[PDB]
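A single chain comes next, written as structure tokens; it is the form deposited in one PDB entry.
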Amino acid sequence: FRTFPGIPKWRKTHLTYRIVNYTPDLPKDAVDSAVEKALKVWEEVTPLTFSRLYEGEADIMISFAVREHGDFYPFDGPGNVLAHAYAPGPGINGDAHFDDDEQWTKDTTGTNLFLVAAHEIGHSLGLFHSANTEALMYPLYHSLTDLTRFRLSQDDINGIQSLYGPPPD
């Protein structure tokens, strides 16, 4: 696993998230379930807990965007960059932006929102890219078998627990 420079880490266990807008690609409930599942794979293996804010500024602001959308890193249209996220910290840090020039799907016929979201929240909690091919944080994870089979790899668990510790016990 790789952890970011000078170890940007959330200095608290309870983090809030806020879904700012909704893709036309999916029902709103499907966007909601994919982000909840993405958050729960990391919750399961750390003492971190998350809750949802509907207004105000949450730690992890989630939004769908196309091309230039307000930060210095515009999206590129179809394919290639699918989403990006900032490492822990205040303001735009911890936030995750999803490229809506992708076709976000519940399954594998397009770009699977669960899997890209779970990868991206790994960056939001402080994981960088793994050299380990079977890891969710490996750059090419989008070529991995989704919840027909999905499980976090030992490497991702080792990485997130080197930052926040194991589940409370």
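Rigid core (definition): largest C-alpha set, two forms, superposition within 1.5 Å. The first residue of the shown sequence is 1; numbering continues from there.
Set 5-13 against 154-162 and average the Cα temperature factors; 5-13 ends up higher. If you average the C-alpha B-factors over 40-48 and over 116-124, the higher value belongs to 40-48. The entry assigns its greatest Cα B factor, within the set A65, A131, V35, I60, to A131. In this PDB entry, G94 carries a Cα temperature factor that places it within the lowest third of its chain's modelled residues.
In this PDB entry, the Cα temperature factor of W104 sits in the bottom third of its chain's modelled residues, the lowest group. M137: CA B factor lies in the lowest third for its chain, per the PDB record. Residue-level temperature factors show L144 in the highest third of its chain, judged at the C-alpha atom.
One more form of this protein should be noted, the form deposited with a small molecule bound, which is absent from this view; the next part is about it.
The small molecule is not drawn, but in the entry with it bound it has no heavy atom within 4.5 Å of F50. At the 4.5 Å threshold, heavy atoms of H123 reach the small molecule in the entry with it bound.
The small molecule in the entry with it bound comes within 4.5 Å of a heavy atom belonging to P139. At a distance threshold of 4.5 angstroms between non-hydrogen atoms, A135 is in contact with the small molecule in the entry with it bound.
The three residues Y22, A30 and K106 each lack any heavy atom within 4.5 Å of the small molecule in the entry with it bound. Checking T13, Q154, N21, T145 for C-alpha shifts of 2 Å or more between the shown form and the other one, after the rigid core is superposed, gives a single hit: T145. The pair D146 and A96 is looser in the entry with it bound: their Cα-Cα distance rises by no less than 3 Å compared with this form. Look at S143 and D29: in the entry with it bound their Cα atoms come 3 Å or more closer than in this form.
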